[PDB]
$ cat data.pdb   # PDB, C-alpha atoms and all ligand atoms
ATOM      1  CA  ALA K   1     -28.505   4.237 -71.428  1.00  0.00           C
ATOM      2  CA  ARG K   2     -29.155   6.590 -68.493  1.00  0.00           C
ATOM      3  CA  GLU K   3     -27.400   9.335 -66.547  1.00  0.00           C
ATOM      4  CA  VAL K   4     -25.898   8.874 -63.085  1.00  0.00           C
ATOM      5  CA  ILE K   5     -24.617  11.470 -60.642  1.00  0.00           C
ATOM      6  CA  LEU K   6     -21.526  10.741 -58.613  1.00  0.00           C
ATOM      7  CA  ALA K   7     -21.245  13.278 -55.791  1.00  0.00           C
ATOM      8  CA  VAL K   8     -17.505  14.004 -55.930  1.00  0.00           C
ATOM      9  CA  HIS K   9     -15.424  15.668 -53.182  1.00  0.00           C
ATOM     10  CA  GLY K  10     -11.723  16.630 -52.912  1.00  0.00           C
ATOM     11  CA  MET K  11     -11.188  17.887 -56.487  1.00  0.00           C
ATOM     12  CA  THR K  12     -11.299  21.711 -56.786  1.00  0.00           C
ATOM     13  CA  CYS K  13      -9.521  22.468 -60.123  1.00  0.00           C
ATOM     14  CA  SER K  14      -9.667  22.290 -63.907  1.00  0.00           C
ATOM     15  CA  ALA K  15      -6.821  19.739 -63.957  1.00  0.00           C
ATOM     16  CA  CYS K  16      -8.731  17.384 -61.618  1.00  0.00           C
ATOM     17  CA  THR K  17     -12.099  17.706 -63.276  1.00  0.00           C
ATOM     18  CA  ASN K  18     -10.432  17.447 -66.687  1.00  0.00           C
ATOM     19  CA  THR K  19      -8.587  14.352 -65.505  1.00  0.00           C
ATOM     20  CA  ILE K  20     -11.942  13.017 -64.260  1.00  0.00           C
ATOM     21  CA  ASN K  21     -14.124  13.535 -67.348  1.00  0.00           C
ATOM     22  CA  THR K  22     -11.210  12.344 -69.506  1.00  0.00           C
ATOM     23  CA  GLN K  23     -11.158   8.985 -67.655  1.00  0.00           C
ATOM     24  CA  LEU K  24     -14.938   8.566 -67.873  1.00  0.00           C
ATOM     25  CA  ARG K  25     -14.636   9.217 -71.619  1.00  0.00           C
ATOM     26  CA  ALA K  26     -12.078   6.388 -71.888  1.00  0.00           C
ATOM     27  CA  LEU K  27     -13.936   3.553 -70.070  1.00  0.00           C
ATOM     28  CA  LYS K  28     -16.237   1.609 -72.445  1.00  0.00           C
ATOM     29  CA  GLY K  29     -19.985   1.999 -71.886  1.00  0.00           C
ATOM     30  CA  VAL K  30     -19.957   5.815 -71.402  1.00  0.00           C
ATOM     31  CA  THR K  31     -21.929   7.934 -73.911  1.00  0.00           C
ATOM     32  CA  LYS K  32     -21.559  11.424 -72.395  1.00  0.00           C
ATOM     33  CA  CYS K  33     -19.731  12.958 -69.412  1.00  0.00           C
ATOM     34  CA  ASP K  34     -20.263  16.417 -67.896  1.00  0.00           C
ATOM     35  CA  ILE K  35     -18.430  17.324 -64.658  1.00  0.00           C
ATOM     36  CA  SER K  36     -19.252  20.363 -62.458  1.00  0.00           C
ATOM     37  CA  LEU K  37     -17.086  22.252 -59.963  1.00  0.00           C
ATOM     38  CA  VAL K  38     -20.372  24.050 -59.038  1.00  0.00           C
ATOM     39  CA  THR K  39     -22.470  21.180 -57.649  1.00  0.00           C
ATOM     40  CA  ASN K  40     -19.401  19.004 -56.878  1.00  0.00           C
ATOM     41  CA  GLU K  41     -20.880  16.106 -58.803  1.00  0.00           C
ATOM     42  CA  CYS K  42     -19.810  14.277 -61.968  1.00  0.00           C
ATOM     43  CA  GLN K  43     -22.714  13.502 -64.316  1.00  0.00           C
ATOM     44  CA  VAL K  44     -22.007  10.592 -66.690  1.00  0.00           C
ATOM     45  CA  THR K  45     -24.308   8.964 -69.294  1.00  0.00           C
ATOM     46  CA  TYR K  46     -23.649   5.197 -69.343  1.00  0.00           C
ATOM     47  CA  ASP K  47     -25.286   2.354 -71.271  1.00  0.00           C
ATOM     48  CA  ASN K  48     -24.795  -0.908 -69.294  1.00  0.00           C
ATOM     49  CA  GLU K  49     -21.246  -2.257 -69.822  1.00  0.00           C
ATOM     50  CA  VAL K  50     -19.920   0.328 -67.359  1.00  0.00           C
ATOM     51  CA  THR K  51     -21.969   1.408 -64.309  1.00  0.00           C
ATOM     52  CA  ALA K  52     -21.784   3.935 -61.462  1.00  0.00           C
ATOM     53  CA  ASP K  53     -20.004   1.126 -59.565  1.00  0.00           C
ATOM     54  CA  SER K  54     -16.939   1.078 -61.842  1.00  0.00           C
ATOM     55  CA  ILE K  55     -17.257   4.843 -62.437  1.00  0.00           C
ATOM     56  CA  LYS K  56     -17.163   5.482 -58.680  1.00  0.00           C
ATOM     57  CA  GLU K  57     -13.957   3.427 -58.541  1.00  0.00           C
ATOM     58  CA  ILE K  58     -12.327   5.234 -61.517  1.00  0.00           C
ATOM     59  CA  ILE K  59     -13.296   8.584 -59.988  1.00  0.00           C
ATOM     60  CA  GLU K  60     -11.941   7.527 -56.529  1.00  0.00           C
ATOM     61  CA  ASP K  61      -8.675   6.241 -58.123  1.00  0.00           C
ATOM     62  CA  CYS K  62      -8.138   9.657 -59.782  1.00  0.00           C
ATOM     63  CA  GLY K  63      -7.392  10.598 -56.143  1.00  0.00           C
ATOM     64  CA  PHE K  64     -10.578  11.929 -54.469  1.00  0.00           C
ATOM     65  CA  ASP K  65     -13.640  10.945 -52.375  1.00  0.00           C
ATOM     66  CA  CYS K  66     -16.862  10.226 -54.344  1.00  0.00           C
ATOM     67  CA  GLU K  67     -20.087   8.205 -54.193  1.00  0.00           C
ATOM     68  CA  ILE K  68     -23.011   7.391 -56.482  1.00  0.00           C
ATOM     69  CA  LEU K  69     -25.414  10.053 -55.221  1.00  0.00           C
ATOM     70  CA  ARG K  70     -28.375   9.199 -57.517  1.00  0.00           C
ATOM     71  CA  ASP K  71     -29.493   8.526 -61.106  1.00  0.00           C
ATOM     72  CA  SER K  72     -29.043  11.754 -63.064  1.00  0.00           C
TER
HETATM   73 CU    CU K 101      -7.303  19.844 -58.426  1.00  0.00          CU
END

$ encode --input "data.pdb" --output "structure tokens" --more "lines below"
Ligand SMILES: [Cu+2]
Amino acid sequence: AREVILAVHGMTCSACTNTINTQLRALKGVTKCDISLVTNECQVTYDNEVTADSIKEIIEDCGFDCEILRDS
């Protein structure tokens, strides 16, 4: 496992960030998941089965604009 940062834009509320971290929690290969309305990134700890690639997509689908900014 490792951490990845998704820089995440659009979301600005508890409902959205809750919705986000909730989804990350419910993928497969996600160990930990800590979102921040301060930095406007989502930090997620993944193993292998799920990557920043899928995570990006999940996080986009939630209804916002994000990208894999960097590992951790
Ligand atoms: Cu919102």

$ closest_residue --input "data.pdb" --among "K:68, K:36, K:63, K:58" --to "residue 17 (chain K)" --atoms "all atoms listed in the file"
K:36

$ residues_near_ligand --input "data.pdb" --ligand "ligand CU 101 (chain K)" --cutoff "10 Å" --atoms "all atoms listed in the file" --output "ChimeraX atom specification"
/K:10-19,63-64

$ write_last_selection --input "data.pdb" --atoms "C-alpha atoms" --output "short mmCIF file (atom, residue, chain, number, x, y, z; two decimals), in the frame of the given file"
data_model
loop_
_atom_site.label_atom_id
_atom_site.label_comp_id
_atom_site.auth_asym_id
_atom_site.auth_seq_id
_atom_site.Cartn_x
_atom_site.Cartn_y
_atom_site.Cartn_z
CA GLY K 10 -11.72 16.63 -52.91
CA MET K 11 -11.19 17.89 -56.49
CA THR K 12 -11.30 21.71 -56.79
CA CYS K 13 -9.52 22.47 -60.12
CA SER K 14 -9.67 22.29 -63.91
CA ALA K 15 -6.82 19.74 -63.96
CA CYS K 16 -8.73 17.38 -61.62
CA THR K 17 -12.10 17.71 -63.28
CA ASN K 18 -10.43 17.45 -66.69
CA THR K 19 -8.59 14.35 -65.50
CA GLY K 63 -7.39 10.60 -56.14
CA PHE K 64 -10.58 11.93 -54.47
#

$ closest_residue --input "data.pdb" --among "K:22, K:31, K:40, K:48" --to "residue 65 (chain K)" --atoms "all atoms listed in the file"
K:40

$ atom_distance --input "data.pdb" --atom1 "CA of residue 57 (chain K)" --atom2 "CA of residue 38 (chain K)"
21.6 Å

$ atom_distance --input "data.pdb" --atom1 "CA of residue 66 (chain K)" --atom2 "CA of residue 26 (chain K)"
18.6 Å

$ closest_residue --input "data.pdb" --among "K:2, K:24, K:33, K:8" --to "residue 60 (chain K)" --atoms "all atoms listed in the file"
K:8

$ resolve_selection --input "data.pdb" --expression "the PyMOL selection byres (((chain K and resi 51) around 12) and not hetatm)" --output "ChimeraX atom specification"
/K:1-6,24,27-31,44-50,52-58,68,71

$ build_atoms --input "data.pdb" --residues "region 54-71 of chain K" --atoms "N, CA and C atoms" --output "mmCIF file, keeping the file's coordinate frame"
data_model
loop_
_atom_site.group_PDB
_atom_site.id
_atom_site.type_symbol
_atom_site.label_atom_id
_atom_site.label_comp_id
_atom_site.auth_asym_id
_atom_site.auth_seq_id
_atom_site.Cartn_x
_atom_site.Cartn_y
_atom_site.Cartn_z
ATOM 1 N N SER K 54 -18.261 0.924 -61.252
ATOM 2 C CA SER K 54 -16.939 1.078 -61.842
ATOM 3 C C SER K 54 -16.555 2.559 -61.859
ATOM 4 N N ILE K 55 -17.447 3.405 -62.372
ATOM 5 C CA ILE K 55 -17.257 4.843 -62.437
ATOM 6 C C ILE K 55 -16.842 5.433 -61.097
ATOM 7 N N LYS K 56 -17.590 5.147 -60.027
ATOM 8 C CA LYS K 56 -17.163 5.482 -58.680
ATOM 9 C C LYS K 56 -15.679 5.158 -58.525
ATOM 10 N N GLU K 57 -15.303 3.911 -58.783
ATOM 11 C CA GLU K 57 -13.957 3.427 -58.541
ATOM 12 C C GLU K 57 -12.923 4.237 -59.329
ATOM 13 N N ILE K 58 -13.128 4.372 -60.641
ATOM 14 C CA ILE K 58 -12.327 5.234 -61.517
ATOM 15 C C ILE K 58 -12.148 6.620 -60.884
ATOM 16 N N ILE K 59 -13.268 7.239 -60.525
ATOM 17 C CA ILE K 59 -13.296 8.584 -59.988
ATOM 18 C C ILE K 59 -12.582 8.641 -58.622
ATOM 19 N N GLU K 60 -12.709 7.617 -57.768
ATOM 20 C CA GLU K 60 -11.941 7.527 -56.529
ATOM 21 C C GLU K 60 -10.444 7.478 -56.858
ATOM 22 N N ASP K 61 -10.049 6.521 -57.709
ATOM 23 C CA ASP K 61 -8.675 6.241 -58.123
ATOM 24 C C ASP K 61 -7.953 7.495 -58.615
ATOM 25 N N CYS K 62 -8.660 8.350 -59.366
ATOM 26 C CA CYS K 62 -8.138 9.657 -59.782
ATOM 27 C C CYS K 62 -7.504 10.423 -58.611
ATOM 28 N N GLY K 63 -8.034 10.236 -57.398
ATOM 29 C CA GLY K 63 -7.392 10.598 -56.143
ATOM 30 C C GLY K 63 -8.299 11.471 -55.282
ATOM 31 N N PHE K 64 -9.587 11.120 -55.178
ATOM 32 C CA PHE K 64 -10.578 11.929 -54.469
ATOM 33 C C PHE K 64 -11.613 11.032 -53.787
ATOM 34 N N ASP K 65 -12.609 11.640 -53.135
ATOM 35 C CA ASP K 65 -13.640 10.945 -52.375
ATOM 36 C C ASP K 65 -14.968 11.158 -53.096
ATOM 37 N N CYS K 66 -15.574 10.115 -53.665
ATOM 38 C CA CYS K 66 -16.862 10.226 -54.344
ATOM 39 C C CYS K 66 -17.789 9.071 -53.995
ATOM 40 N N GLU K 67 -19.084 9.254 -54.270
ATOM 41 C CA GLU K 67 -20.087 8.205 -54.193
ATOM 42 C C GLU K 67 -21.186 8.455 -55.221
ATOM 43 N N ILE K 68 -21.762 7.365 -55.736
ATOM 44 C CA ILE K 68 -23.011 7.391 -56.482
ATOM 45 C C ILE K 68 -24.083 8.056 -55.628
ATOM 46 N N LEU K 69 -24.447 9.290 -55.980
ATOM 47 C CA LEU K 69 -25.414 10.053 -55.221
ATOM 48 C C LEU K 69 -26.814 9.634 -55.673
ATOM 49 N N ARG K 70 -27.069 9.580 -56.986
ATOM 50 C CA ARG K 70 -28.375 9.199 -57.517
ATOM 51 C C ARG K 70 -28.339 9.108 -59.040
ATOM 52 N N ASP K 71 -29.344 8.484 -59.663
ATOM 53 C CA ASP K 71 -29.493 8.526 -61.106
ATOM 54 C C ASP K 71 -29.923 9.928 -61.560
#
